[PDB]
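Worksheet: one structure, shown below.
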Amino acid sequence: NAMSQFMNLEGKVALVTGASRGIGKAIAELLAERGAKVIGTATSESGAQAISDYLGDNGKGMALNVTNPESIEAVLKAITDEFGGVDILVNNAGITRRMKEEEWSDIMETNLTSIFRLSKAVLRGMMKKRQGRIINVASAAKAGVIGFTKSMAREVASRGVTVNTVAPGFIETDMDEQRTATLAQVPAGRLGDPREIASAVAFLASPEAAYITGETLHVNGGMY
Amino acid sequence: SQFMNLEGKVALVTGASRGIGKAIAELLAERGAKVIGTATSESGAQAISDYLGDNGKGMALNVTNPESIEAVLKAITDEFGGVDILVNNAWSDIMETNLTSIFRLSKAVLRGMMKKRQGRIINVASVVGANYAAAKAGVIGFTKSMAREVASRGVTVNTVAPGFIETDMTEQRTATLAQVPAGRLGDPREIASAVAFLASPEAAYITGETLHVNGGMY
Amino acid sequence: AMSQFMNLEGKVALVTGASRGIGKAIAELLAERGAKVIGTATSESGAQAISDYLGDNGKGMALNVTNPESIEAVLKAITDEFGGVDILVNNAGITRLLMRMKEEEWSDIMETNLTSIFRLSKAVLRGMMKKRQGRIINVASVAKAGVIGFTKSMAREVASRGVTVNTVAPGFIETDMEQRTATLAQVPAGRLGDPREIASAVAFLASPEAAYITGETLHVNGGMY
Amino acid sequence: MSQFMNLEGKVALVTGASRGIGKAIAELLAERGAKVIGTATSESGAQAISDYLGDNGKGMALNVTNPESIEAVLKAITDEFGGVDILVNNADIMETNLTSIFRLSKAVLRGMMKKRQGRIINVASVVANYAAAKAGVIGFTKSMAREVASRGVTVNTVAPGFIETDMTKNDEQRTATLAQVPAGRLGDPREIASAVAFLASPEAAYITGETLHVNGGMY
């Protein structure tokens with residue numbers, strides 16, 4: 001699809017981390033519907049294969065461990081070799097958890113440090129090309145995400161790369177009166193759908209969002 | 001396609017005769033909306049009809065007169081159906097007054113939006129280049145209050161805040177461009193994109209938001 | 001009532017012949033599901049009784065389905081007060097030998113049970129198609145047996161503008177009205193239907209979730225065929 | 001959260017639930033309060049079903065062509081969750097698949113008919129050999145419905161048109177697909193699940209022997 005030039009991502013290579021279910025999957029599917037060549041990531045090969053299956057001719061799945069440089073490097077080389085340089089990066093990977101030191105580093109590595117590494121690694125080629133999109137999906141330690149987006153955006157704005165945050169509210173995931181209590185904080189009176197997170201990411205990924213950078217776009221039913 | 005498709009939507013865009021307003025009206029039309037753009041005069045209205053063709057028309061509106069608002073809404077409702085998308089586009093006395101139109105127009109289209117449990121209101125603050133900031137802050141304050149009040153009935157209310165956009169209004173250009181990290185002025189079409197996204201079925205869970213379209217200027 | 005599933009909040013539903021039985025059951029459930037409901041009866045006192053059971057969820061109006069002026073005046077009043085009709089349920093009819101009735105009596109029977117469907121449908125379609133969103137549901141078991149043909153034709157013509165047109169075809173349903181034994185022998189399920197079971201079907205077809213169902217006859221008849 | 005279309009207390013067996021329509025069906029029955037058991041051919045496929053169902057059900061390995069596997073799957077469901085209330089059969093190659101529908105159906109029917117309450121829903125395939133397969137399923141539905149109607153069990157077919165799936169996802173073969181659909185779009189798996197769910201509900205008790213088409217006016 002993308003029968004028109006409006007919001008058309010044909011020719012774009014999109015790397016979406018954590019794409020096996022929920023928001024990540026919804027993101028990967030829509031970027032594909034819009035004509036992107038999509039590479040979604042999972043921690044395992046079988047998870048990667050399941051991503052390949054739902055992407056078909058519109059992309060594929062790859063195993064990535066966002067906390068390991070070697071894996072990042074090997075995943076980028078394989079993407080570049082087969083599809084061309086990454087144009088759109090969606091940092092969606094994360095795990096939602098007293099803990100031990102090692103367990104907390106692991107939580108920071110996965111949810112924040114990975115964002116830094118992946119972003120830095122795709123920026124090389126984006127900035128040489130003077131064209132790129134980085135979108136950080138962050139509503140635990142994901143609160144540092146907005147600060148990082150604003151700093152990186154200010155630094156790379158002049159070379160045609162945008163960096164934005166999409167911040168979900170309560171979204172219906174795979175996971176009785178705790179739902180009632182959840183819904184009481186949302187002025188709209190319903191949970192979001194993963195597809196609504198994807199829409200926002202897809203809009204920001206488009207050629208038409210070229211003058212939006214440093215922005216936090218909240219998708220939360222007014223929760224604000 | 002079904003993506004960002006406004007077919008069957010009735011969109012009232014105020015101040016649609018040139019620049020951002022025009023760019024907004026055109027794109028909502030390209031996306032399948034039935035578009036009514038407004039100007040202060042009948043000849044301005046006629047020029048809007050000319051560029052909209054079969055995809056809508058122009059109407060004279062004086063945003064500061066209740067009778068004109070009421071008569072414009074009745075004519076739209078009669079011919080096209082109830083307004084689904086309203087785009088409020090276009091010195092203290094000048095801020096107070098324009099602000100006041102936003103309230104009146106909004107209140108008037110909200111009746112039907114809330115009965116239908118479906119609506120979009122988008123407030124376009126003014127283009128960069130004290131008074132500027134005062135006006136933007138007035139619009140943003142109204143958006144956030146009205147959004148909270150109507151959110152549960154399926155209506156969204158958002159602000160799109162332009163930066164420095166290439167218009168008639170806007171060497172001092174060098175100095176303008178120095179405040180924009182992206183190193184260029186925006187195009188009116190980039191404002192229209194943002195408004196159109198927020199107008200879509202797909203932006204149903206975004207409300208109370210200020211979406212900045214300014215090249216990192218913030 | 002409390003979720004986004006089968007939720008008709010913000011929809012305006014016109015249900016003809018809503019004073020009792022199936023019509024009433026349909027009107028009530030659309031209301032329970034959040035619709036703004038306008039039910040019709042032939043008389044004002046019948047209209048009032050519909051207002052009484054709808055309360056804040058809608059009202060009753062007198063409609064004569066065989067008179068264009070009455071249709072036009074009923075649609076204008078709905079549009080003015082509630083907004084454009086989103087869901088139209090054609091349920092009106094009289095159930096009464098063709099060879100012993102007079103010409104004028106039979107035209108009246110055709111006008112009421114078939115011709116009204118055409119006129120009402122055409123009249124609400126203007127706005128549904130401008131909006132690219134609508135539901136038309138024709139409740140008819142063998143109004144007349146011409147209903148299914150008319151549903152299929154109108155569905156094919158309006159499908160692309162986001163309107164669906166379907167028939168719900170009841171079997172033997174317990175109305176206000178041995179011979180019951182003989183009735184029940186033709187129903188594989190071995191019981192009469194409840195009007196509420198007709199309303200369920202109409203409501204499902206009325207919902208955002210039935211957007212890809214059009215041109216269908218949904219039979220609610222305990223296995224008859 | 002209301003009594004309308006509420007499947008709380010119902011046990012639903014959905015075959016082929018790992019992706020697309022099957023998965024969409026399993027998820028919605030779960031959202032509606034059903035205890036859902038979805039099946040896949042492999043254990044890893046079963047595990048992936050368990051993962052997305054969580055506390056609302058689980059996955060089990062089933063080989064629909066083997067009576068011992070059917071029997072062992074039903075016993076494990078009955079033991080843990082109670083008797084199967086709703087069965088969704090979600091699939092020459094037509095003869096065999098047809099045969100699985102008969103076996104599964106016959107096996108769950110024992111308890112449905114003792115209980116005088118049950119739902120069987122047969123999902124024909126998504127839009128020559130197509131029509132031969134649909135016709136086989138529809139012919140079985142109508143026969144079995146007539147036979148079990150009096151004991152409070154319904155048996156219906158949901159017949160999808162062109163639905164957006166893995167299978168149907170070139171640029172101009174889609175154009176040609178869409179030209180046969182008066183609605184001018186493909187269906188979503190979720191729209192198939194809606195129809196199945198409606199037919200699975202207490203409120204569809206007086207619908208049986210029906211083919212409900214979900215195809216945008218295609219026929």
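Proteins come first, then strands; the chains are lettered A, B, ... in the order of their sequence lines, and each starts at number 1. Values below: every heavy atom of this structure, side chains too, minus hydrogens, waters and symmetry copies.
- Taking chain A as the reference chain and counting heavy-atom pairs below 4.5 Å, the highest number among B:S152, B:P201, B:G183 is found for B:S152.
- Contact annotation: the side chain of A:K150 approaches that of B:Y218 to within less than 4.5 Å [non-hydrogen atoms, C-beta and beyond].
- Contact of B:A192 with chain A is not made at all, since no heavy-atom distance falls under 4.5 Å.
- Nearest heavy-atom pair across B:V180 and A:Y211 is CG1-OH, 3.6 Å.
- Counting non-hydrogen atoms of neighbouring residues, nucleotides and ligands closer than 6.0 angstrom, the CG atom of B:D54 reaches no more than 12 such neighbours.
- Contact check for A:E33 versus B:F3: no side-chain heavy atoms found under the 4.5 Å cut-off.
- For A:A210, the parts lying under 4.5 angstrom from a heavy atom of chain B are both the backbone and the side chain.
- Scored by the side-chain hydrogen bond (donor to acceptor under 3.5 Å, both in side chains) test, B:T143 finds B:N123, B:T159 as partners (sequence neighbours excluded).
- For the pair A:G222 and B:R148, the tightest heavy-atom approach, listed with the atom from each and the gap, is O-NH2, 3.0 Å.
- B:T210 touches chain A through its backbone: at least one of N, CA, C or O sits under 4.5 Å from a heavy atom, while the side chain does not.
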* Please report the C-alpha distance between B:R31 and A:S4 in whole Å, then the side-chain angles of each, then the deciding distance to 0.1 Å, and finally whether the side-chain contact (heavy atoms from CB on, under 4.5 Å) criterion is met. => CA-CA 10 Å; B:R31 299 318 295 173; A:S4 74; 3.6 Å; yes
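- Taking both residues in full, the closest heavy atoms of A:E208 and B:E190 are given as O-CG, 4.4 Å, listed atom of the first, atom of the second, then distance.
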* To do: Show your reasoning for whether side-chain contact (heavy atoms from CB on, under 4.5 Å) applies to B:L27 and A:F6.
  => CA-CA 10 Å; B:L27 183 59; A:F6 183 76; 3.9 Å; yes
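- Other residues, nucleotides and ligands contribute more than 12 heavy atoms inside 6.0 Å of the CZ atom of B:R104.
- In terms of heavy-atom proximity, B:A151 sits nearest to A:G221 at CB-O, 4.4 Å.
- Summarising the geometry of A:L217 relative to B:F197, their closest heavy-atom pair is CD2-CE2, 4.2 Å, with the distance given to 0.1 Å.
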